[PDB]
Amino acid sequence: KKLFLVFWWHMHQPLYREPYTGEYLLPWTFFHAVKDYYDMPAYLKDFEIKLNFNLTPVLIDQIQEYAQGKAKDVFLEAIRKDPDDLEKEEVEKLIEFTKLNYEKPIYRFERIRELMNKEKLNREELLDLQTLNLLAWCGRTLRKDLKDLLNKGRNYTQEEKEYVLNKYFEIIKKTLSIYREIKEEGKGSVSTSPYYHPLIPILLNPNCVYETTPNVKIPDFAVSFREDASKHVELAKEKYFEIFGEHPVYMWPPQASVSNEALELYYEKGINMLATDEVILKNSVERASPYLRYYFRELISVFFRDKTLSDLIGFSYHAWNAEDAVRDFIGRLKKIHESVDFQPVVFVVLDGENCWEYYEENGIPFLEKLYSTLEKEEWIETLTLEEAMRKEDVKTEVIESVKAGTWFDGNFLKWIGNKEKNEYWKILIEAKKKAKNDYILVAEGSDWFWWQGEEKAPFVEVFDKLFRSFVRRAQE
């Protein structure tokens, strides 16, 4: 009697490339590529487990541009420059970026504390500021290789900074290939999402938000987004085919977001399985175990993730010692194993790149110990998405209707419903009536709405500039 454990690590970045200047206005794709996007599937070279990955097509597009050397990244240009050539604005952005990340354990360099307590920075201090920002984002693979430079902690030279930069781009150049390799070798399945990570249920039917928040105000959706929702899925299939050589049969719905109409669209586009959140299961069916494979109207398979286990990794274990955390996780899995007489399927699904920066040493002690311990428990079998879809010795159930929602409180309020987020939908609705190209699809990404209408925070004005630029470019 095994416990079937399925990790599904979701990787995504919205499009940071401004269409009039061609510049990447934030560096987050670069930094998560060098820190997480190669390294997370690279664990499979050292550990004999299965791990699965979602790659959004807009993320793939950007990884390709960085690998090809065509991304003009304005933040990275300020890192690369000799400090004598830095503009004041570039120094301010570098300071602000450091202050944003200052308390994360991956920024735990004593020299960073020294630099942020200086009234004025000279050339050698700016070089350290540049290089330590780079090295803070070092991934597991190069943390071994650059150990000498990482332990120095200070007094970096321009030659050393450039050496780090070169190694980082080598990692990026190898990134799509490792996903293809682990897929071909049967070490994991790779899924994708509708192209720019939109909220498919709202595009199909904005009235679905009322199934969970009846009091919400939404704008007048005077134009149909139903064909765009189809296009997000179809273009994603095409990009996935280019990279991996088949049409994707698994997709991760952005924000775990589903609805009856969205599940029908996924089915019509040939998707055979997806996962969503336990809250939607609880919202939709009174008696429902999350350890079964569900069939929605016998059209498409659905798994509901184990929210507790996913949130332990996403929110709890960064504050723990690595062995405390792994013992706790294994203990919980054992309690599941002993709590039922069938073989449960346990889906652990969360973002694959956003939690590690809060862990000691980028979560490498935690993941190395977790994966080492998992692979040695005879009662746990980690599965690919393909194996979880096809496994016969699993329990199964039919469901006929779900209540539309997301993994954020089961509802859509993080993307719609207040004055500021509604104004973005209004801009998009008016833009859609006049849209001439696929930049309207870029503007439909969920990320723009997530950041809008929150309390002010550094750099979020850039998301607004991007969104509004895509909206304008869509009409030309």
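Residues carry their position along the shown sequence, with the first being 1.
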Between 322-330 and 131-139 (mean CA B-factor, as deposited), the higher: 322-330
Stretch with the greater mean C-alpha B-factor as recorded in the entry, comparing 431-439 against 28-36: 431-439
Out of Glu181, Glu368, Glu353, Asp148, residue topping the C-alpha B-factor column of the entry: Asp148
Residue, from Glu378, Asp228, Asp311, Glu185, that the PDB entry assigns the highest Cα B-factor: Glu378
Assigned third (lowest, middle, highest) for the C-alpha B factor of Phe296: middle
Entry-reported Cα temperature factor of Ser372, expressed as the chain third it lands in: middle
Third assignment of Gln158 from its chain's C-alpha B-factors: middle
Chain thirds of CA B-factor: placement of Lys237: lowest
Where the record places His337 (Cα B-factor, split into thirds across the chain): highest
